[PDB]
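Undergrad: One file is attached below, start-v5.cif, containing mmCIF, C-alpha atoms and all ligand atoms.
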```
data_run
#
loop_
_atom_site.label_atom_id
_atom_site.label_comp_id
_atom_site.auth_asym_id
_atom_site.auth_seq_id
_atom_site.Cartn_x
_atom_site.Cartn_y
_atom_site.Cartn_z
CA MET F 1 10.21 -15.58 20.28
CA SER F 2 8.25 -12.88 18.41
CA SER F 3 10.61 -12.10 15.53
CA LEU F 4 10.16 -13.17 11.93
CA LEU F 5 9.86 -16.96 11.96
CA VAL F 6 10.85 -18.17 8.49
CA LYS F 7 10.46 -21.70 7.08
CA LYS F 8 12.15 -22.59 3.77
CA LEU F 9 10.18 -25.08 1.68
CA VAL F 10 12.85 -25.44 -1.01
CA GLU F 11 16.62 -25.20 -0.56
CA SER F 12 16.63 -22.69 -3.42
CA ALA F 13 14.74 -20.30 -1.09
CA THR F 14 16.54 -17.33 0.52
CA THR F 15 16.11 -16.15 4.12
CA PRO F 16 14.43 -12.74 4.14
CA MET F 17 16.89 -10.10 5.27
CA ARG F 18 16.99 -6.32 5.73
CA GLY F 19 19.45 -4.46 3.54
CA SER F 20 20.37 -1.80 6.07
CA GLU F 21 20.23 -0.54 9.64
CA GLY F 22 17.24 1.68 8.90
CA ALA F 23 15.74 -0.48 6.16
CA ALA F 24 12.01 -0.95 6.64
CA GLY F 25 11.73 -4.31 4.95
CA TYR F 26 13.27 -7.75 4.65
CA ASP F 27 14.12 -8.57 1.03
CA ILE F 28 11.98 -11.29 -0.54
CA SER F 29 13.58 -13.22 -3.40
CA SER F 30 12.23 -15.29 -6.29
CA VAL F 31 12.72 -19.06 -6.19
CA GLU F 32 11.91 -19.65 -9.85
CA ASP F 33 12.85 -18.12 -13.21
CA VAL F 34 9.65 -16.48 -14.37
CA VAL F 35 8.41 -13.82 -16.74
CA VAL F 36 5.95 -11.15 -15.61
CA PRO F 37 4.07 -10.24 -18.89
CA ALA F 38 3.66 -6.76 -20.31
CA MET F 39 0.51 -5.16 -18.88
CA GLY F 40 0.13 -8.48 -17.10
CA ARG F 41 0.54 -10.03 -13.69
CA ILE F 42 2.15 -13.16 -12.34
CA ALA F 43 2.44 -15.02 -9.07
CA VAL F 44 6.09 -15.50 -8.21
CA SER F 45 6.82 -18.21 -5.59
CA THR F 46 9.11 -17.32 -2.66
CA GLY F 47 9.45 -20.89 -1.48
CA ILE F 48 9.08 -19.84 2.15
CA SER F 49 6.37 -19.63 4.80
CA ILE F 50 6.48 -17.08 7.63
CA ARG F 51 4.80 -16.08 10.88
CA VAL F 52 4.81 -12.33 11.37
CA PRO F 53 5.27 -11.25 15.00
CA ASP F 54 2.14 -10.79 17.08
CA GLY F 55 -0.01 -7.66 16.71
CA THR F 56 1.49 -6.89 13.31
CA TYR F 57 0.86 -8.24 9.80
CA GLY F 58 3.23 -8.56 6.86
CA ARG F 59 2.87 -6.36 3.80
CA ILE F 60 4.61 -7.31 0.57
CA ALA F 61 5.74 -3.83 -0.57
CA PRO F 62 7.32 -2.94 -3.95
CA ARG F 63 11.05 -2.24 -4.41
CA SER F 64 12.11 1.30 -5.33
CA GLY F 65 14.37 -0.24 -7.95
CA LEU F 66 12.01 -2.35 -10.06
CA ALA F 67 9.25 0.23 -9.66
CA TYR F 68 11.23 3.08 -11.17
CA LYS F 69 13.24 1.10 -13.74
CA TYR F 70 10.69 -1.47 -14.97
CA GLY F 71 7.34 -0.17 -13.80
CA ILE F 72 6.87 -3.26 -11.65
CA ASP F 73 4.10 -2.94 -9.04
CA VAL F 74 2.89 -5.29 -6.25
CA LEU F 75 -0.78 -6.45 -6.18
CA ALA F 76 -2.56 -7.92 -3.09
CA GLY F 77 0.35 -8.34 -0.68
CA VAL F 78 -1.48 -8.74 2.66
CA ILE F 79 -0.13 -11.69 4.63
CA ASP F 80 -2.15 -12.45 7.76
CA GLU F 81 -0.53 -13.51 11.04
CA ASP F 82 -2.43 -16.78 10.72
CA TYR F 83 -1.07 -17.65 7.24
CA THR F 84 0.60 -21.04 7.33
CA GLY F 85 0.99 -21.51 3.56
CA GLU F 86 3.76 -20.33 1.22
CA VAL F 87 4.30 -16.64 0.50
CA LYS F 88 3.33 -15.81 -3.08
CA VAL F 89 4.41 -12.45 -4.49
CA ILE F 90 1.94 -11.10 -7.05
CA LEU F 91 3.60 -8.61 -9.40
CA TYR F 92 1.95 -6.48 -12.06
CA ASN F 93 3.91 -5.24 -15.09
CA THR F 94 2.99 -1.62 -15.89
CA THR F 95 5.15 -1.77 -19.02
CA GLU F 96 4.58 -2.64 -22.66
CA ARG F 97 7.73 -4.76 -22.38
CA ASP F 98 8.12 -8.05 -20.47
CA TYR F 99 10.20 -8.36 -17.34
CA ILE F 100 12.55 -11.23 -16.54
CA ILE F 101 12.94 -12.74 -13.08
CA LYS F 102 15.54 -15.33 -12.09
CA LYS F 103 15.81 -17.62 -9.04
CA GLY F 104 17.44 -15.47 -6.39
CA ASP F 105 16.30 -12.04 -7.59
CA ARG F 106 14.96 -9.88 -4.79
CA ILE F 107 11.46 -9.26 -6.19
CA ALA F 108 9.80 -7.44 -3.30
CA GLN F 109 10.21 -6.75 0.41
CA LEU F 110 8.32 -7.77 3.53
CA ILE F 111 7.37 -5.14 6.10
CA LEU F 112 6.07 -6.16 9.50
CA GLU F 113 3.58 -3.34 9.93
CA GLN F 114 2.00 -2.85 13.35
CA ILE F 115 -1.78 -3.02 13.34
CA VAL F 116 -4.51 -2.95 15.96
CA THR F 117 -7.05 -5.72 15.83
CA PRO F 118 -9.95 -4.67 18.12
CA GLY F 119 -13.58 -5.71 18.00
CA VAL F 120 -16.31 -4.01 16.02
CA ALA F 121 -18.72 -1.55 17.65
CA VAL F 122 -21.90 -1.05 15.63
CA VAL F 123 -23.73 2.23 16.17
CA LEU F 124 -27.30 3.13 15.18
CA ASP F 125 -28.56 0.34 17.48
CA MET B 1 13.52 14.82 18.85
CA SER B 2 11.67 11.95 17.14
CA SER B 3 9.20 13.84 14.96
CA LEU B 4 9.42 14.30 11.21
CA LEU B 5 12.78 15.93 10.52
CA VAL B 6 12.48 17.69 7.16
CA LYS B 7 15.31 19.23 5.11
CA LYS B 8 14.45 21.42 2.09
CA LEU B 9 16.97 21.14 -0.75
CA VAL B 10 15.36 23.85 -2.88
CA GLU B 11 13.51 26.95 -1.66
CA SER B 12 10.66 25.95 -3.97
CA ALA B 13 10.10 22.93 -1.68
CA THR B 14 7.13 22.86 0.74
CA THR B 15 7.23 21.60 4.33
CA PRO B 16 5.12 18.44 4.62
CA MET B 17 2.01 19.15 6.65
CA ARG B 18 -1.12 17.31 7.77
CA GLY B 19 -4.40 18.69 6.47
CA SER B 20 -6.46 17.94 9.56
CA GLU B 21 -6.57 16.89 13.20
CA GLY B 22 -7.24 13.26 12.29
CA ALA B 23 -5.39 13.29 8.96
CA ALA B 24 -3.13 10.26 8.61
CA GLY B 25 -0.58 11.84 6.34
CA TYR B 26 1.55 14.91 5.75
CA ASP B 27 0.95 16.37 2.28
CA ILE B 28 3.87 16.01 -0.13
CA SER B 29 4.05 18.60 -2.91
CA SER B 30 5.72 18.71 -6.33
CA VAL B 31 8.71 21.01 -6.79
CA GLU B 32 8.68 20.92 -10.58
CA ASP B 33 6.11 21.26 -13.37
CA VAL B 34 5.92 17.78 -14.83
CA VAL B 35 3.64 15.58 -16.91
CA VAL B 36 2.80 12.03 -15.83
CA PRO B 37 2.10 10.24 -19.21
CA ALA B 38 -1.02 8.28 -20.05
CA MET B 39 -0.56 4.65 -19.01
CA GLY B 40 2.88 5.81 -17.95
CA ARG B 41 4.86 6.64 -14.85
CA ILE B 42 7.10 9.48 -13.78
CA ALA B 43 9.35 10.38 -10.89
CA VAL B 44 8.27 13.69 -9.42
CA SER B 45 10.89 15.44 -7.22
CA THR B 46 9.80 16.72 -3.79
CA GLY B 47 12.97 18.70 -3.21
CA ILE B 48 13.15 17.54 0.40
CA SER B 49 14.89 14.87 2.47
CA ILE B 50 13.38 13.45 5.65
CA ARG B 51 14.12 11.22 8.63
CA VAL B 52 11.06 9.32 9.77
CA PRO B 53 10.83 8.86 13.55
CA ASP B 54 12.42 5.75 15.02
CA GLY B 55 10.67 2.37 14.78
CA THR B 56 8.47 3.57 11.93
CA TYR B 57 9.04 4.00 8.19
CA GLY B 58 7.47 6.47 5.77
CA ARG B 59 5.01 5.32 3.13
CA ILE B 60 4.20 7.58 0.18
CA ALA B 61 0.43 6.91 -0.09
CA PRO B 62 -1.90 8.12 -2.88
CA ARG B 63 -4.34 11.03 -2.46
CA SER B 64 -8.07 10.26 -2.53
CA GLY B 65 -8.47 13.20 -4.88
CA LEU B 66 -6.10 12.40 -7.74
CA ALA B 67 -6.91 8.70 -7.45
CA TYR B 68 -10.62 9.11 -8.03
CA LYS B 69 -10.53 12.06 -10.45
CA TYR B 70 -7.46 11.24 -12.59
CA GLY B 71 -6.71 7.60 -11.89
CA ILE B 72 -3.33 8.55 -10.45
CA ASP B 73 -1.66 5.78 -8.42
CA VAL B 74 1.59 5.67 -6.38
CA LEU B 75 4.31 3.08 -7.24
CA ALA B 76 7.14 2.01 -4.87
CA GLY B 77 6.75 4.52 -2.04
CA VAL B 78 8.77 2.85 0.75
CA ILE B 79 11.14 5.32 2.40
CA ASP B 80 13.51 3.69 4.89
CA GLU B 81 14.46 5.33 8.19
CA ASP B 82 18.05 5.34 6.94
CA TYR B 83 17.28 7.25 3.69
CA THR B 84 19.41 10.38 3.51
CA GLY B 85 18.69 11.27 -0.12
CA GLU B 86 15.81 13.28 -1.63
CA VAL B 87 12.25 11.97 -1.58
CA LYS B 88 11.11 11.02 -5.07
CA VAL B 89 7.40 10.40 -5.64
CA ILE B 90 6.76 7.82 -8.36
CA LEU B 91 3.29 8.21 -9.86
CA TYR B 92 1.59 5.95 -12.38
CA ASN B 93 -1.12 7.28 -14.70
CA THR B 94 -3.97 4.76 -15.02
CA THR B 95 -5.63 6.97 -17.64
CA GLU B 96 -5.53 7.22 -21.42
CA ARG B 97 -5.13 10.97 -20.90
CA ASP B 98 -2.05 12.78 -19.55
CA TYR B 99 -1.97 14.46 -16.17
CA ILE B 100 -0.43 17.85 -15.44
CA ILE B 101 1.53 18.64 -12.29
CA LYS B 102 2.77 22.09 -11.27
CA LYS B 103 5.34 23.20 -8.68
CA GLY B 104 3.41 23.31 -5.42
CA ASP B 105 0.74 20.71 -6.21
CA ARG B 106 0.22 18.24 -3.39
CA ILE B 107 0.98 15.04 -5.33
CA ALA B 108 0.93 12.44 -2.55
CA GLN B 109 1.07 12.14 1.23
CA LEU B 110 3.60 10.75 3.70
CA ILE B 111 2.45 8.40 6.44
CA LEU B 112 4.76 7.49 9.29
CA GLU B 113 3.64 3.89 9.70
CA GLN B 114 4.81 2.00 12.77
CA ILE B 115 6.71 -1.18 11.99
CA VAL B 116 8.58 -3.80 14.00
CA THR B 117 12.09 -4.59 12.88
CA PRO B 118 13.11 -7.82 14.70
CA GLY B 119 15.66 -10.42 13.69
CA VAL B 120 14.99 -13.45 11.53
CA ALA B 121 14.43 -16.90 13.06
CA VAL B 122 14.99 -19.71 10.57
CA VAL B 123 13.19 -22.97 11.31
CA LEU B 124 13.85 -26.41 9.81
CA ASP B 125 17.37 -26.31 11.29
CA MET L 1 -14.19 2.64 23.44
CA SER L 2 -11.32 2.63 20.92
CA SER L 3 -12.32 -0.26 18.66
CA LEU L 4 -13.74 0.02 15.17
CA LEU L 5 -16.86 2.17 15.46
CA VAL L 6 -19.05 1.33 12.46
CA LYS L 7 -22.19 3.18 11.31
CA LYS L 8 -24.40 1.61 8.61
CA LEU L 9 -26.04 4.16 6.31
CA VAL L 10 -28.13 1.60 4.42
CA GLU L 11 -29.60 -1.64 5.77
CA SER L 12 -27.99 -3.40 2.80
CA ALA L 13 -24.59 -2.58 4.37
CA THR L 14 -22.55 -5.31 6.11
CA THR L 15 -20.63 -4.90 9.38
CA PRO L 16 -16.89 -5.17 8.69
CA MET L 17 -15.54 -8.39 10.16
CA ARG L 18 -12.24 -10.27 10.30
CA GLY L 19 -12.21 -13.67 8.64
CA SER L 20 -9.85 -15.34 11.08
CA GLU L 21 -7.99 -15.22 14.39
CA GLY L 22 -4.83 -13.92 12.74
CA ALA L 23 -6.54 -12.05 9.90
CA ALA L 24 -5.11 -8.56 9.48
CA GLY L 25 -8.20 -6.95 8.07
CA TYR L 26 -11.95 -6.60 8.46
CA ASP L 27 -13.77 -7.54 5.25
CA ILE L 28 -15.43 -4.64 3.44
CA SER L 29 -18.40 -5.53 1.24
CA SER L 30 -20.13 -3.85 -1.71
CA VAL L 31 -23.59 -2.38 -1.16
CA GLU L 32 -24.44 -2.03 -4.84
CA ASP L 33 -24.23 -4.18 -7.98
CA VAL L 34 -21.55 -2.49 -10.04
CA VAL L 35 -19.14 -3.17 -12.87
CA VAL L 36 -15.47 -2.22 -12.62
CA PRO L 37 -14.45 -1.64 -16.33
CA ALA L 38 -11.55 -3.28 -18.10
CA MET L 39 -8.42 -1.16 -17.64
CA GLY L 40 -10.75 1.14 -15.74
CA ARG L 41 -11.60 2.16 -12.21
CA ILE L 42 -14.79 2.59 -10.24
CA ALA L 43 -15.88 3.83 -6.85
CA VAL L 44 -17.83 1.12 -5.06
CA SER L 45 -19.99 2.31 -2.12
CA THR L 46 -19.71 0.44 1.19
CA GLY L 47 -22.72 2.14 2.73
CA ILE L 48 -20.92 2.56 6.04
CA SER L 49 -18.95 5.22 7.91
CA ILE L 50 -16.25 4.35 10.44
CA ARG L 51 -13.96 5.84 13.07
CA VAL L 52 -10.64 4.05 13.23
CA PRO L 53 -9.20 3.75 16.76
CA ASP L 54 -6.93 6.55 17.94
CA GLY L 55 -3.31 6.75 16.78
CA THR L 56 -4.01 4.49 13.80
CA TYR L 57 -5.57 5.09 10.38
CA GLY L 58 -7.54 2.72 8.16
CA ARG L 59 -6.08 1.40 4.93
CA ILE L 60 -8.34 -0.17 2.33
CA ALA L 61 -6.09 -3.06 1.21
CA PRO L 62 -6.72 -5.44 -1.74
CA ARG L 63 -7.95 -9.03 -1.30
CA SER L 64 -5.58 -11.86 -2.24
CA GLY L 65 -8.47 -13.46 -4.07
CA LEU L 66 -9.61 -10.78 -6.51
CA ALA L 67 -6.02 -9.65 -7.03
CA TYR L 68 -4.78 -13.02 -8.25
CA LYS L 69 -7.93 -14.19 -10.05
CA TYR L 70 -9.20 -10.96 -11.66
CA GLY L 71 -6.29 -8.55 -11.47
CA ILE L 72 -8.31 -6.24 -9.25
CA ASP L 73 -6.23 -3.59 -7.44
CA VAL L 74 -7.15 -0.91 -4.85
CA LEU L 75 -6.42 2.81 -5.60
CA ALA L 76 -6.25 5.58 -2.94
CA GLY L 77 -7.49 3.75 0.15
CA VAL L 78 -6.32 6.08 2.96
CA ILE L 79 -9.11 6.75 5.44
CA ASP L 80 -8.21 9.39 8.03
CA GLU L 81 -9.23 9.11 11.69
CA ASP L 82 -11.22 12.30 11.19
CA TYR L 83 -13.29 10.97 8.24
CA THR L 84 -16.98 11.26 9.03
CA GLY L 85 -18.31 10.51 5.54
CA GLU L 86 -19.05 7.16 3.87
CA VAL L 87 -16.26 4.73 2.99
CA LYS L 88 -15.80 4.52 -0.78
CA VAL L 89 -13.68 1.68 -2.16
CA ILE L 90 -11.87 2.66 -5.37
CA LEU L 91 -10.96 -0.41 -7.43
CA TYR L 92 -8.88 -0.53 -10.59
CA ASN L 93 -9.32 -3.34 -13.13
CA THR L 94 -5.93 -4.50 -14.44
CA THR L 95 -7.68 -6.81 -16.91
CA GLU L 96 -8.89 -6.53 -20.49
CA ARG L 97 -12.13 -8.09 -19.26
CA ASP L 98 -14.77 -6.45 -17.03
CA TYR L 99 -15.39 -7.52 -13.46
CA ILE L 100 -18.80 -7.94 -11.87
CA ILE L 101 -19.60 -6.92 -8.30
CA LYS L 102 -22.85 -7.66 -6.47
CA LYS L 103 -24.35 -6.22 -3.27
CA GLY L 104 -22.73 -8.21 -0.49
CA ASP L 105 -19.48 -9.16 -2.23
CA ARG L 106 -16.44 -8.62 -0.04
CA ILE L 107 -14.55 -6.20 -2.32
CA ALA L 108 -11.63 -5.19 -0.10
CA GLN L 109 -10.50 -5.23 3.52
CA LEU L 110 -9.88 -2.57 6.15
CA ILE L 111 -6.67 -2.63 8.16
CA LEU L 112 -6.27 -0.43 11.21
CA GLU L 113 -2.59 0.36 10.76
CA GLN L 114 -0.76 2.05 13.62
CA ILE L 115 0.86 5.35 12.68
CA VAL L 116 2.71 8.09 14.53
CA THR L 117 1.47 11.60 14.01
CA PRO L 118 4.19 13.94 15.40
CA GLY L 119 4.96 17.52 14.48
CA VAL L 120 7.31 18.64 11.74
CA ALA L 121 10.87 19.75 12.50
CA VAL L 122 12.38 21.84 9.71
CA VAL L 123 16.17 21.85 9.50
CA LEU L 124 18.41 24.27 7.58
CA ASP L 125 17.06 27.13 9.72
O1 LIG K 201 0.11 -11.27 -2.16
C1 LIG K 201 -0.29 -12.10 -1.35
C2 LIG K 201 -1.42 -11.80 -0.54
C3 LIG K 201 -1.82 -12.75 0.36
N1 LIG K 201 -1.15 -13.97 0.49
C4 LIG K 201 -1.63 -14.97 1.49
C5 LIG K 201 -1.59 -14.36 2.92
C6 LIG K 201 -2.97 -14.64 3.53
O2 LIG K 201 -2.83 -15.38 4.74
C7 LIG K 201 -3.73 -15.45 2.46
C8 LIG K 201 -5.12 -14.86 2.30
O3 LIG K 201 -5.88 -15.50 1.26
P1 LIG K 201 -7.40 -15.18 1.65
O4 LIG K 201 -7.50 -13.92 2.46
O5 LIG K 201 -7.89 -16.43 2.54
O6 LIG K 201 -8.34 -15.08 0.35
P2 LIG K 201 -9.12 -13.64 0.45
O7 LIG K 201 -8.14 -12.51 0.47
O8 LIG K 201 -10.09 -13.46 -0.83
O9 LIG K 201 -10.00 -13.57 1.80
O10 LIG K 201 -3.00 -15.32 1.21
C9 LIG K 201 -0.07 -14.23 -0.30
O11 LIG K 201 0.53 -15.28 -0.22
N2 LIG K 201 0.36 -13.30 -1.21
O1 LIG K 202 8.98 5.90 -4.03
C1 LIG K 202 10.07 5.90 -3.47
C2 LIG K 202 10.55 4.71 -2.86
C3 LIG K 202 11.76 4.75 -2.24
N1 LIG K 202 12.52 5.93 -2.19
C4 LIG K 202 13.84 5.93 -1.50
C5 LIG K 202 13.66 5.54 -0.01
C6 LIG K 202 14.69 4.44 0.27
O2 LIG K 202 15.55 4.82 1.33
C7 LIG K 202 15.47 4.27 -1.06
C8 LIG K 202 15.57 2.80 -1.38
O3 LIG K 202 16.22 2.55 -2.65
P1 LIG K 202 16.75 1.04 -2.52
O4 LIG K 202 15.93 0.26 -1.54
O5 LIG K 202 18.26 1.17 -1.97
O6 LIG K 202 16.78 0.30 -3.94
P2 LIG K 202 15.94 -1.11 -3.75
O7 LIG K 202 14.53 -0.82 -3.34
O8 LIG K 202 15.92 -1.92 -5.14
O9 LIG K 202 16.63 -2.02 -2.60
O10 LIG K 202 14.71 4.95 -2.10
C9 LIG K 202 12.04 7.07 -2.79
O11 LIG K 202 12.67 8.09 -2.77
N2 LIG K 202 10.83 7.05 -3.42
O1 LIG K 203 -10.20 5.15 -1.09
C1 LIG K 203 -10.57 6.04 -0.33
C2 LIG K 203 -9.63 7.00 0.14
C3 LIG K 203 -10.07 7.97 0.99
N1 LIG K 203 -11.42 8.03 1.39
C4 LIG K 203 -11.86 9.11 2.32
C5 LIG K 203 -11.07 9.02 3.66
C6 LIG K 203 -10.55 10.44 3.93
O2 LIG K 203 -11.01 10.90 5.19
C7 LIG K 203 -11.10 11.30 2.78
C8 LIG K 203 -9.97 12.16 2.23
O3 LIG K 203 -10.39 12.94 1.09
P1 LIG K 203 -9.32 14.14 1.06
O4 LIG K 203 -8.03 13.74 1.71
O5 LIG K 203 -10.00 15.33 1.90
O6 LIG K 203 -9.05 14.66 -0.43
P2 LIG K 203 -7.42 14.63 -0.66
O7 LIG K 203 -6.90 13.23 -0.50
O8 LIG K 203 -7.07 15.13 -2.15
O9 LIG K 203 -6.68 15.57 0.42
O10 LIG K 203 -11.57 10.40 1.74
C9 LIG K 203 -12.30 7.10 0.92
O11 LIG K 203 -13.46 7.13 1.24
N2 LIG K 203 -11.88 6.12 0.07
MG MG K 204 -1.56 -0.29 -9.96
#
```
Can you present the structure in this file as structure tokens?
TA:
Amino acid sequence: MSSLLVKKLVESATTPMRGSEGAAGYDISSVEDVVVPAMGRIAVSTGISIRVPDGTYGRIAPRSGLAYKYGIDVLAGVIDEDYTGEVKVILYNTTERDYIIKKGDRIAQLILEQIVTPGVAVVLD
Amino acid sequence: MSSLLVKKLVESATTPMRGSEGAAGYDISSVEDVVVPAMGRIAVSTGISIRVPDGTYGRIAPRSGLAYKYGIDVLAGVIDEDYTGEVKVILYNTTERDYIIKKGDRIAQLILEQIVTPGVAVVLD
Amino acid sequence: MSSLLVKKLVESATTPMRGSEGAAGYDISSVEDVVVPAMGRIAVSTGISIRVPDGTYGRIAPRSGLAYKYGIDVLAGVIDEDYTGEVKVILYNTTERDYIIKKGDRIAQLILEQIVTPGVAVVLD
């Protein structure tokens, strides 16, 4: 069906899941203990691969929590409906102090955003 | 109805409003005079609480103006349809020079983005 | 029709185009050789002007490539359906080392994201 098809590639991996009735995203957790460097970025591995529903891509959005408290932001984050590989979550540390991530930690959130994918019309001949 | 239900929690607060026919967002103003630190972040208070329409969350997006001119970016920014609290706008100063915000200043913009919230289908048994 | 109407304003300009069947965005290329400064931002010119389809705005999203490899992020990025001017792509260099951009380089990607633009309902009288 056209829901969020998820495929774990490591048992450690968690199934994305929304935290509330009105929640906009499905939590995305870390599958490795990593350190996102001060003023630096890192590529955390989710351990899963997903197929967003049709006519809608998946945007890795930042979590209110880590943003406010640790100045953690999310770089890139555009997952195409044709992406068969593993979801990588690229975080950027806005702080002068390192951030610690442990297997299991919800490090971001997926949001199936509806988009229109029409053809291009070039004007000016 | 399913429009943008807004609830001011301080008279100082401004009603979000789109700046043009084709505008994608409703302006979100500051309700306090604050300073967003160089290479730092701050949590500006909007003074309002909103309920995005159904099947669509609210994304606090950055303003072309402040982005270009002061290197002001917007962290976090995901407001769930079930959020009953006050909207906080988390800004991050990309500059080596402080930025000044005064009650009333449009500091960001809300965008009711349509999303699909289906269930999760786990493959691999 | 309601597709992506594109208008080149310099022959150098490239027509936005999706890189795959499931791709979520249309590549947006640079039309000038520019340098986005370490820990700095710049406004790259696309040389084109577009009209996103109706009931959907255009979001300049970052490319997985440049994000991971050079720590390149995209500031602002909200293009309203009523924008008649030229698309400017504002990039922010997260790195301590400069980044080089050359006419033609795909520097970002446009994503026609569906949004709802209803009226505002103010509660509390
Ligand atoms: O934060 C991100 C952003 C993207 N992707 C995946 C989803 C998408 O399907 C693929 C895109 O890589 P690319 O588009 O082929 O390279 P580029 O963006 O330079 O065109 O990378 C991630 O795993 N994490
Ligand atoms: O910039 C933001 C981002 C989110 N929120 C609100 C909207 C949402 O309903 C709530 C989410 O907090 P949380 O999701 O419960 O904490 P976490 O993101 O770590 O799960 O915070 C804001 O006010 N400002
Ligand atoms: O990265 C961006 C972001 C926006 N715009 C364009 C699209 C939009 O139509 C216009 C908006 O400028 P503005 O909204 O009138 O100034 P402000 O955001 O302070 O209201 O700028 C760009 O070209 N590049
Ligand atoms: Mg940033």
Undergrad: Taking all atoms listed in the file and a cut-off of 7 Å, can you tell me which residues surround ligand LIG 201 (chain K), written as a ChimeraX atom specification?
TA: /F:60,75-83,86-90 /L:63-66
Undergrad: I need the contact residues of chain L against chain B, so if you could list those with any atom within 10 Å, counting all atoms listed in the file, and return them as an NGL selection string, that would help.
TA: :L and (39-43 or 52 or 54-59 or 74-83 or 88-94 or 113-125)
Undergrad: Using the selection just defined, write its residues with C-alpha atoms as a PDB file, in the frame of the given file.
TA:
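Saved as result_33.pdb:
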```
ATOM      1  CA  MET L  39      -8.420  -1.160 -17.640  1.00  0.00           C
ATOM      2  CA  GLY L  40     -10.750   1.140 -15.740  1.00  0.00           C
ATOM      3  CA  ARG L  41     -11.600   2.160 -12.210  1.00  0.00           C
ATOM      4  CA  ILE L  42     -14.790   2.590 -10.240  1.00  0.00           C
ATOM      5  CA  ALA L  43     -15.880   3.830  -6.850  1.00  0.00           C
ATOM      6  CA  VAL L  52     -10.640   4.050  13.230  1.00  0.00           C
ATOM      7  CA  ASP L  54      -6.930   6.550  17.940  1.00  0.00           C
ATOM      8  CA  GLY L  55      -3.310   6.750  16.780  1.00  0.00           C
ATOM      9  CA  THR L  56      -4.010   4.490  13.800  1.00  0.00           C
ATOM     10  CA  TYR L  57      -5.570   5.090  10.380  1.00  0.00           C
ATOM     11  CA  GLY L  58      -7.540   2.720   8.160  1.00  0.00           C
ATOM     12  CA  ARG L  59      -6.080   1.400   4.930  1.00  0.00           C
ATOM     13  CA  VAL L  74      -7.150  -0.910  -4.850  1.00  0.00           C
ATOM     14  CA  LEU L  75      -6.420   2.810  -5.600  1.00  0.00           C
ATOM     15  CA  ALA L  76      -6.250   5.580  -2.940  1.00  0.00           C
ATOM     16  CA  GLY L  77      -7.490   3.750   0.150  1.00  0.00           C
ATOM     17  CA  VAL L  78      -6.320   6.080   2.960  1.00  0.00           C
ATOM     18  CA  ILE L  79      -9.110   6.750   5.440  1.00  0.00           C
ATOM     19  CA  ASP L  80      -8.210   9.390   8.030  1.00  0.00           C
ATOM     20  CA  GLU L  81      -9.230   9.110  11.690  1.00  0.00           C
ATOM     21  CA  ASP L  82     -11.220  12.300  11.190  1.00  0.00           C
ATOM     22  CA  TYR L  83     -13.290  10.970   8.240  1.00  0.00           C
ATOM     23  CA  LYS L  88     -15.800   4.520  -0.780  1.00  0.00           C
ATOM     24  CA  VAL L  89     -13.680   1.680  -2.160  1.00  0.00           C
ATOM     25  CA  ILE L  90     -11.870   2.660  -5.370  1.00  0.00           C
ATOM     26  CA  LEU L  91     -10.960  -0.410  -7.430  1.00  0.00           C
ATOM     27  CA  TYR L  92      -8.880  -0.530 -10.590  1.00  0.00           C
ATOM     28  CA  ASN L  93      -9.320  -3.340 -13.130  1.00  0.00           C
ATOM     29  CA  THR L  94      -5.930  -4.500 -14.440  1.00  0.00           C
ATOM     30  CA  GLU L 113      -2.590   0.360  10.760  1.00  0.00           C
ATOM     31  CA  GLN L 114      -0.760   2.050  13.620  1.00  0.00           C
ATOM     32  CA  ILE L 115       0.860   5.350  12.680  1.00  0.00           C
ATOM     33  CA  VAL L 116       2.710   8.090  14.530  1.00  0.00           C
ATOM     34  CA  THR L 117       1.470  11.600  14.010  1.00  0.00           C
ATOM     35  CA  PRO L 118       4.190  13.940  15.400  1.00  0.00           C
ATOM     36  CA  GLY L 119       4.960  17.520  14.480  1.00  0.00           C
ATOM     37  CA  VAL L 120       7.310  18.640  11.740  1.00  0.00           C
ATOM     38  CA  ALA L 121      10.870  19.750  12.500  1.00  0.00           C
ATOM     39  CA  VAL L 122      12.380  21.840   9.710  1.00  0.00           C
ATOM     40  CA  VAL L 123      16.170  21.850   9.500  1.00  0.00           C
ATOM     41  CA  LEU L 124      18.410  24.270   7.580  1.00  0.00           C
ATOM     42  CA  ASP L 125      17.060  27.130   9.720  1.00  0.00           C
TER      43      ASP L 125
END
```
Undergrad: Assuming 6 Å of padding per side, give the centre and edge lengths of the axis-aligned box around every listed atom of region 21-25 of chain F, in Å to one decimal and as JSON.
TA:
```
{"center_x": 16.0, "center_y": -1.3, "center_z": 7.3, "size_x": 20.5, "size_y": 18.0, "size_z": 16.7}
```
Undergrad: Quick one: pull the distance between CA of residue 11 (chain L) and CA of residue 32 (chain L), Å, one decimal.
TA: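 Straight-line distance from CA of residue 11 (chain L) to CA of residue 32 (chain L) works out to 11.8 Å.
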Undergrad: Provide the CA of residue 37 (chain L) to atom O6 of ligand LIG 203 (chain K) distance in Å, to one decimal place.
TA: 23.4 Å
Undergrad: Leaving out residue 12 (chain B) and any residue of its chain fewer than 5 positions from it, which residues lie within 8 Å of it when counting only C-alpha atoms, given as number ranges by chain?
TA: B: 31, 47, 103-104
Undergrad: Take the residues just selected and output them with C-alpha atoms as a PDB file, in the frame of the given file.
TA:
```
ATOM      1  CA  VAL B  31       8.710  21.010  -6.790  1.00  0.00           C
ATOM      2  CA  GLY B  47      12.970  18.700  -3.210  1.00  0.00           C
ATOM      3  CA  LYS B 103       5.340  23.200  -8.680  1.00  0.00           C
ATOM      4  CA  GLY B 104       3.410  23.310  -5.420  1.00  0.00           C
TER       5      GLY B 104
END
```
